[PDB]
Amino acid sequence: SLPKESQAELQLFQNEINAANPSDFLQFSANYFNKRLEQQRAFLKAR
Amino acid sequence: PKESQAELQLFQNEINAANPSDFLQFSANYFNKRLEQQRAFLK
Amino acid sequence: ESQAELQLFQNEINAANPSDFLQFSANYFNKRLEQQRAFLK
Amino acid sequence: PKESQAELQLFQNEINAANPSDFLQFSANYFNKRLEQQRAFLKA
């Protein structure tokens, strides 16, 4: 029953998992979420 | 794979149980902690 | 700012003396990012 | 400890070699990657 933004981020993640089918699910998933944060951090740091 | 489906089901269960205010931060914290838990076993 | 964040990190390493340096350091920096994200948002 | 001093010296060397625009993001990425590298060795 999640909010729309949460469903969108979960759908993007599920799409990435199905496209890559990582041999190390946890490492791929941690790298993915740490990169999504990194992307939003660039907006937050900007002048 | 079955291990991937299990880890994805565990994550989806955590998201539905917590319904985080910051989805990205909760998800990064979750996966970093799952790695930390497996590191203890692997060392 | 970089020297101050490096000094804070070195101080944390010397105060905690972790048995797992890499895990402590990754947790530390991931938490510093988490803290800054809240303030920036 | 010797292993901790070596990892701290490697990190300080990386900071001086890259001089990152975003110190915190570079440092988090660095330690997360050092863990990733050790995970591959531990799983082998």
Side-chain angles (χ1 to χ4, degrees), chain A residues 2-3 5-47, chain B:
Chain A
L2 301 173
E5 186 180 336
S6 299
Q7 297 218 136
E9 292 281 4
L10 184 62
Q11 199 56 65
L12 276 189
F13 171 63
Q14 285 172 211
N15 285 355
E16 277 299 312
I17 294 301
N18 296 328
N21 189 13
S23 59
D24 194 331
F25 183 92
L26 291 179
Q27 191 64 70
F28 178 93
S29 305
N31 290 357
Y32 175 84
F33 283 115
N34 286 326
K35 190 181 177 54
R36 286 293 299 114
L37 283 180
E38 175 172 16
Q39 294 174 322
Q40 298 198 342
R41 169 164 179 95
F43 178 85
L44 299 168
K45 287 297 288 214
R47 153 53 182 112
Chain B
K2 195 47 229 158
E3 187 187 358
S4 299
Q5 290 176 46
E7 292 285 352
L8 179 62
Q9 200 54 60
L10 276 185
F11 172 62
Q12 287 172 339
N13 287 354
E14 278 299 309
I15 295 301
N16 292 329
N19 194 2
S21 300
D22 193 330
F23 182 91
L24 287 183
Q25 190 65 72
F26 177 93
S27 305
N29 288 356
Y30 175 84
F31 284 115
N32 285 325
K33 191 176 170 206
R34 286 293 299 115
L35 283 179
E36 174 168 18
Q37 293 173 326
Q38 296 205 338
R39 164 164 255 256
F41 185 97
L42 298 169
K43 286 187 79 154

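Side-chain atoms are counted along with the backbone in the values below, which use heavy atoms only and exclude waters and symmetry mates. Below, chains carry the letters A, B, ... as their sequence lines are ordered, and counting in each starts from 1.
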message: A side-chain contact here means heavy atoms from C-beta on lying under 4.5 Å apart; do A:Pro3 and B:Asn19 qualify?
response: yes
- prompt: So how far is it from A:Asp24 CG to B:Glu3 CD, rounded to the nearest 0.5 Å?
  reply: 8.0 Å
query: Do you know which of A:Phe33, A:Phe28, A:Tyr32 has the most heavy-atom pairs under 4.5 Å to chain B?
result: A:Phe33
field: Interatomic distance, B:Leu8 atom CG to A:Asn18 atom CG [nearest 0.5 angstrom]
entry: 8.0 Å
message: Can you tell me how far apart CG (B:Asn29) and CG (A:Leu37) are? Round to the nearest 0.5 Å.
response: 8.0 Å
field: Near-ring test B:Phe23/A:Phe13, centroid separation under 6.0 angstrom
entry: no
statement: Per-residue tally against chain A (heavy atom, under 4.5 Å) across B:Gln38, B:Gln25, B:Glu7, B:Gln12 peaks at B:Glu7
- line: Smallest heavy-atom separation, A:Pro22 atom then B:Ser4 atom, equals O-OG, 4.3 Å
